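Structure record follows, encoded as structure tokens.
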Amino acid sequence: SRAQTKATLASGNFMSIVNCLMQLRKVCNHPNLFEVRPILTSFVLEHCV
DNA sequence: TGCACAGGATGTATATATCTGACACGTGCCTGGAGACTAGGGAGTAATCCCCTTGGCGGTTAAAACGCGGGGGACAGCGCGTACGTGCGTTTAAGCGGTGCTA
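According to the entry's author numbering, the first sequence is numbered sequentially starting from 966.
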């Protein structure tokens, strides 16, 4: 979805596409490579009312 | 007899003045600004060709890092002996201003 990715694809810089492919493969192989699953926790309000 | 003071003597901190330096105001000349001529170095313009990262990636290696033993280097104490510090008396010539020459 990321527009910059689309732009990169449009560029046709063979290196850039190779890198994109590498990132895709990384994402498929195990998500931790692309982004560690964030450890979910409550939202914190700055100060009570 | 010895003291009080009437009459007189050197002195001097106080006070009035004379003996030296520095800054501002007056002359007057080698100027600083200005006018105009000047051109060629600076700056605006245009390639052009070459050198600098791409970008992370694995498979390696050479250098870096970390761990350990220990032994000897650094270093705080201190016994003591003397050679620099403080204080004379004493001498020299360094400082002061002066007179006459000159290079």
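For each residue, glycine too, the CB sits at the ideal point set by N, CA and C.
Compare the beta carbon distance of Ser966 and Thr973 with 8 Å and say whether it is the shorter of the two.
Going by C-beta atoms, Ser966 is not nearer than 8 Å to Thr973.
Tell me the rounded alpha-carbon separation between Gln969 and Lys991.
Distance between the alpha carbons of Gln969 and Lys991: 18 Å.
Whether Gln988 touches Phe999 by CB criterion (8 Å):
yes
Name the two residues that bound the continuous alpha helix (DSSP H) containing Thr970.
968-976
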